[PDB]
Amino acid sequence: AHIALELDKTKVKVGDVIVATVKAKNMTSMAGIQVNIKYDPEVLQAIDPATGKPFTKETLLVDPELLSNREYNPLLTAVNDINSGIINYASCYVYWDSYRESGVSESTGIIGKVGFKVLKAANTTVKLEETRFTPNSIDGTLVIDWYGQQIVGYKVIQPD
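Quick note, our numbering runs 455 ahead of the 1-based positions in the sequence shown.
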């Protein structure tokens, strides 16, 4: 069981597009997630990978695979801090009762994507990390189960 952050490109130059992708594997019972992706605003700017629209405070992660089934009522939210380089995205079903009794666990899959148009040639860091939004976290990740209790003991993998 782990949450991973994958970048499809590691070392490139200015004006290029880096798709960061938040992913979960074997997160059994997961009914909801909150992640924090910390970046440097001076070196990198947050954008939508499909159209190229910049990220504001209310902007969600692109193209969720997990926690998106309308049967179980997804409640998506984002309170990002672009000024201080934080993506704060939360997603969380309401109808847990049905989700657990269906006999399907949303364990492995994509949480969401975020584009990153590069501004400077100097090298920087991109990772899942604690903020003011996520106290009592595992490397800037909170995860609940279909009973509402916080899941603990999964690993959080960063990119290179």
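Just so it is clear, CB atoms sit at the ideal spot from N, CA and C, and this is done for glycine as well.
contact_flag[the stretch 502-517, the stretch 567-574] where n(CB pairs < 8 Å) is 3 or more = yes
Segment limits, beta strand (DSSP E) that includes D600 = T596 to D600
query = Excluding five sequence neighbours on each side, which residues of the same chain lie with their C-beta closer than 8 Å to the C-beta of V467?
reply = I473 and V573
task = Measure how close the beta-carbons of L460 and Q613 come, nearest whole angstrom, since I'm counting them as under 8 Å.
result = 6 Å
query = Taking buried to mean at least 16 other C-beta atoms within 10 Å of its own C-beta, is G608 buried or exposed?
reply = exposed
query = Does DSSP put residue 619 in a helix, in a strand, or in coil?
reply = In this structure the chain extends from 456 to 615, so residue 619 is not present and cannot be described.
task = Please confirm whether residue 445 and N481 have their CB atoms less than 8 Å apart.
result = In the structure as shown, the chain starts at 456 and stops at 615, and residue 445 therefore has no counterpart that could be examined.
message = Comparing C-alpha positions only, which one of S557, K508, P590 and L499 sits nearest to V469?
response = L499
message = Taking the beta carbon of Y494 as the centre, do at least 16 other beta carbons fall within 10 Å, making it buried, or is it exposed?
response = buried
ask   = Quick one: what's got a C-beta closer than 6 Å to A545's C-beta in the same chain, skipping five residues either side?
value = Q489 and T532
inquiry  = I'd like to check one pair, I458 with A486: are the Cβ atoms closer than 8 Å?
reply    = no
query = DSSP on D552, reduced to helix/strand/coil?
reply = helix
key: C-beta atoms of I542 and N491 nearer than 8 Å   = yes
ask   = In terms of residue numbering, what span does the beta strand (DSSP E) encompassing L460 cover?
value = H457 to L462
request  = Can you give me the start and stop residues for the beta strand (DSSP E) that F571 sits inside?
outcome  = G564 to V573
request  = Note down, in chain order, each residue of its chain lying with its Cβ closer than 7 Å to the Cβ of residue 621, except the 5 sequence neighbours on either side.
outcome  = The question about residue 621 has no answer here: the residues shown for the chain are numbered 456 through 615.
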